[PDB]
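The sequence shown begins at 101 in mature numbering (1 follows the signal peptide of the UniProt record, and there is no 0) and counts up one residue at a time. Step one of this worksheet: look at the structure below.
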Amino acid sequence: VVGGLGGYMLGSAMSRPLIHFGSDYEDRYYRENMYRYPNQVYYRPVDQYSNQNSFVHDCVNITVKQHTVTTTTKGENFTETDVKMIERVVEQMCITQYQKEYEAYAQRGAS
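As structure tokens, this is what we get:
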């Protein structure tokens, strides 16, 4: 199990995000299963933890890991594209997560 990441929390929730992958079918291969994704993501404070860039890639990984171990405990492994299907969503949801901090870290944060 996990149980001591550092400063992380779970949020509250959101909806599913909308990502336009590039291809017409990439835009759908994720959508045809989107209900399998959660409403939350795990995240930590900003406190300038290596920009947003070298936080969001750590952020996604901490959430994707559970969707991983849920199935990888069997040993079905995970391809590069199947993680990317998830992590397009975990990026969006993580950025939304962090944007509630961004207003206070920045000045406005806007939307």
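Note that beta-carbon positions come from the ideal geometry of N, C-alpha and C, so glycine has one too.
Nearest-angstrom Cα distance between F178 and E187?
12 Å
Proximity of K200 and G104 at Cβ, strictly below 9 Å
no
Bridge partners - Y143, DSSP secondary structure assignment
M109
Assign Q148 to one of two classes, buried (16 or more other C-beta atoms within 10 Å of its C-beta) or exposed (fewer than that).
exposed
Quick one: what's got a C-beta closer than 6 Å to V146's C-beta in the same chain, skipping five residues either side?
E201 and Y205
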